[PDB]
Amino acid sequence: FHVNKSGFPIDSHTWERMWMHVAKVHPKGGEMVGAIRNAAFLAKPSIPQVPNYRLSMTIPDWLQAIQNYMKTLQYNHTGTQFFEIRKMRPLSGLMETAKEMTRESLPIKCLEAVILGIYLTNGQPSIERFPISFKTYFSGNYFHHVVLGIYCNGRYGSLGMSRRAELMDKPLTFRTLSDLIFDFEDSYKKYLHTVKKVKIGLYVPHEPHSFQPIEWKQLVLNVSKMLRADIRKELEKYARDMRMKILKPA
């Protein structure tokens, strides 16, 4: 609901709004907040080392290394996203926000994880990266979510962060893009979410100093109004276009 636009050491208006929020949602509320803010001393949390690609890792080892870093930073349940991602900025600035994430070492949410995943795979030219975004219905309201689709040596997979383990990373085992999307769909089924809309971007450039932004909306499918066979038809058509490397941004 709230996003930190004030840098690091978080300003006071943003700080108070974080706590004020969490005192409402929590049942223990004002007591649980009092216990943290007023604690005489608190343990400094360990700082995970930023993962480094070694000659002894396979591409699956590397993606698991990156993903484990993300799991260690932890998903952010505080209600205040700590790094501002302006989705439509050139990669170069997003890349700098990613560096800042590895320096400040705070919890991250879905969109921050995608930016950080691009950053940590920029040095592996055989890994292609494209965003995957979902719009979902659950019991009243709509929800948005994004992960980082991965394509490498004829297989698809993903990196990401989510409240649920089944809507983040997927091992590089899916032989088609349709198979991966349908696995997210069935993962969402387990939490009573109906997938309304699926959005797929283009491969992201590997140059960390690119002026061009991320294309998030190359293919857009209202899968709730579609039967399985027509979704697969269009994804395979689009996935063929990605790999043939012919497409111009939308």
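Just count from 1 along the sequence shown to find any residue number.
- Item | Given 123-131 and 88-96, the range whose Cα B-factors average higher in the PDB entry | Mean B over CA atoms: larger for 88-96.
- Decide which of the stretches 137-145 and 168-176 has the higher mean C-alpha B-factor, going by the entry. The recorded data point to 137-145.
- Taking the Cα B-factors listed in the entry, which of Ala43, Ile200, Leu55, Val50 comes out highest? Largest recorded C-alpha B-factor: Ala43.
- Item | Given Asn68, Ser224, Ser187, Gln218, the residue at which the Cα B factor reaches its maximum | Answer, based on the entry's C-alpha B-factors: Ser224.
- Grab the CA temperature factor for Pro205 from the record and place it in the lowest, middle or highest third of its chain. For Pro205, whose C-alpha B-factor we compare with every modelled residue in the chain, the answer is the middle third.
- Query: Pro60: which third of its chain by C-alpha temperature factor?
  - Reply: It falls in the bottom third of the chain.
- Task: Using the B-factors in the PDB entry, rank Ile214's C-alpha atom against the chain and give the third, lowest, middle or highest.
- Result: As the PDB entry reports it, the C-alpha B-factor of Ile214 lands in the lowest third of its chain.
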